[PDB]
Each structure stands twice: as structure tokens, then as C-alpha cells.
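Peer 1: So I pulled this structure from the PDB, and the sequence comes with it:
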Amino acid sequence: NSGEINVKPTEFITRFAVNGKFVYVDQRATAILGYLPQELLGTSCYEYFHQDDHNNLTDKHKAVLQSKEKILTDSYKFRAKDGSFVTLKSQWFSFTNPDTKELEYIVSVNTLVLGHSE
């Protein structure tokens, strides 16, 4: 059956330029919590995130961008297209060109839980 497909789990993968949007998003984003590669892609990370921890998210991703070749992991909080206010648990690596050794993107992965274990 050519119509067979599967896009699960409760995780996704992404790229964000030092720009405030995920300049690339993967379709497991369409599965994890449910927003496209167009409802999350070229869509403002900071404004489309929770009312609080968007600072922490921004403080963390500058802690990724702080260097050009390293990886950080923290808990975050996110809300998909429909109504799924949810956690995110994510890891972001600064990505260098290096044609020039400039910082050129932040490549990354994302995971969630329904809430913290506390």
C-alpha cells in the first residue's frame, strides 16, 4: 500500500539560524505535538513559545551561539498548532560554516513530556 506512512514519536529535529525562527523543522514536529514544516518553520520561535521560559530559551540558545561548535541541553516549554500546551526537552548545537569558521546556524533536536516529573 503506497499510502502507508509513519511519522511518530514525541521528538523532532530542527535548524534555527541566529534569527528567531526555526529556518528548518522536521515532520516529526507534525507528529510530536502537531505543527508543520510551515506552522513552525519560518515561524518566530520566541513569540510562538510560552509566556515564560522564552527568556530561558533565548538565554540558552545564546549560550549555544556563544560559541560556534558546541552543544547544550535544557528543559523548555512549547505549544503546538491546536491546543497542546506541552514541555520540550531539547538540545542545540552551534553549527559553523566552516568555509570561514563563522557561526552559521544552530542545528538541534527536541523532545517532550506532558509535564515535569516533580
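Peer 2: Arrived safely, thanks for sending. Numbers count the residues shown, from 1 in each chain.
Peer 1: what secondary structure does residue 8 sit in?
Peer 2: Three-state assignment for residue 8 (DSSP: H, G, I helix; E, B strand; the rest coil): coil.
Peer 1: Tell me how far the residue nearest to it when sequence neighbours are not counted lies from residue 118.
Peer 2: Leaving aside its sequence neighbours, residue 8 sits nearest to residue 31 (Cβ to Cβ, 6 or more residues apart in numbering; 5.2 Å). Bear in mind the C-beta positions are built from the backbone N, C-alpha and C, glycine included. Residue 31 sits 26 Å away from residue 118, going by Cβ to Cβ, to the nearest Å.
Peer 1: Which one's more surrounded, the two?
Peer 2: More neighbours surround residue 31 than the other of residue 31 and residue 118, with 15 against 3 (other Cβ atoms under 10 Å).
Peer 1: And the contacts of whichever strand or helix holds that one?
Peer 2: Following DSSP states H and E, one finds residue 31 within helix 28-32. Outside helix 28-32, the residues that touch it by Cβ atoms under 8 Å, 6 or more residues apart in numbering are 7-14, 35-37, 40, 80, 110, 112.
Peer 1: remind me, longest strand of this protein?
Peer 2: Longest strand of the chain, by residue count under DSSP state E: strand 85-96.
Peer 1: so what strands line up beside it?
Peer 2: Here strand 85-96 has these sheet partners by DSSP bridges: strand 71-79 (antiparallel), strand 103-111 (antiparallel).
Peer 1: Buried ones in it, by neighbour count?
Peer 2: 86-90, 92-95 (16 or more other Cβ atoms under 10 Å).
Peer 1: All set, thanks.
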